[PDB]
């Protein structure tokens, strides 16, 4: 039931409608920040509206995830990173979230080497059920002034969906995995 739209083609009221719905959906200090919204921009949005109202949203945005295999090689994987997955609270538990992820996984499978996200510890079983793989190793970020810095807080949160890895590569989820730099939450 989800409509796929590039940030590009969102009119002002859809952007404001989506942002307002996502900010409210992540309230149980505003949990969903300006940086969190920046992270949701530049890729494909999955939207579900009912009678003029936005009731569901998700985004998949491109970045690189860094992974070194046991042959020592080093890979910068073309990643579809899942952001701002949200359903208006009264509309939850009726398959809308599923419909949003169904549409984002179509993007990921069609365009990227790997899907990734850092799930709220509440949503973790929903991803595990879709066949997303929990990372077991240490997580880190490639910083511009320090080098690769550990992100222990994101170790339990990181999920991957390896859709089309290069060469022979099969990930070992016990190895380290490193995200590229951005402001706010790196994961």
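In this text, rigid core is short for the largest set of C-alphas that superpose within 1.5 Å between two forms. Residue numbers count along the first chain shown, from 1.
Between stretches 68-76 and 108-116, greater average Cα displacement in 4 other deposited structures of this protein relative to the shown form, fitted by the core, falls on 68-76.
With 145-153 and 41-49 as candidates, the stretch whose CA atoms show the greater average offset from this form in 4 other deposited structures of this protein after a core fit is 145-153.
Residue-level annotation: residue 36 has coordinates in all of the other entries compared, counting only those that model residues on either side of it, so it never reaches the one-third mark. In this entry, residue 28 is separated from residue 29 by 4 to 9 residues of the deposited sequence that have no coordinates. Of the two segments examined, 18-26 and 167-175, it is 167-175 that shows the higher average Cα temperature factor in the deposited entry. Per-stretch averaging of Cα B factors for 105-113 and 87-95 places 87-95 on top. The PDB entry gives the largest Cα B-factor of the residues 143, 140, 49, 118 to 49. When the C-alpha B-factors of 160, 44, 122, 66 are ranked from the entry, the top spot goes to 122.
The entry lists a Cα temperature factor for residue 1 that places it in the highest third of the chain's modelled residues. Ranked by Cα temperature factor within the chain, residue 150 sits in the middle third according to the deposited record.
Among the modelled residues of its chain, residue 53 has a C-alpha B-factor that falls in the highest third according to the deposited record. Per-chain ranking of the deposited C-alpha B factor places residue 136 in the highest third.
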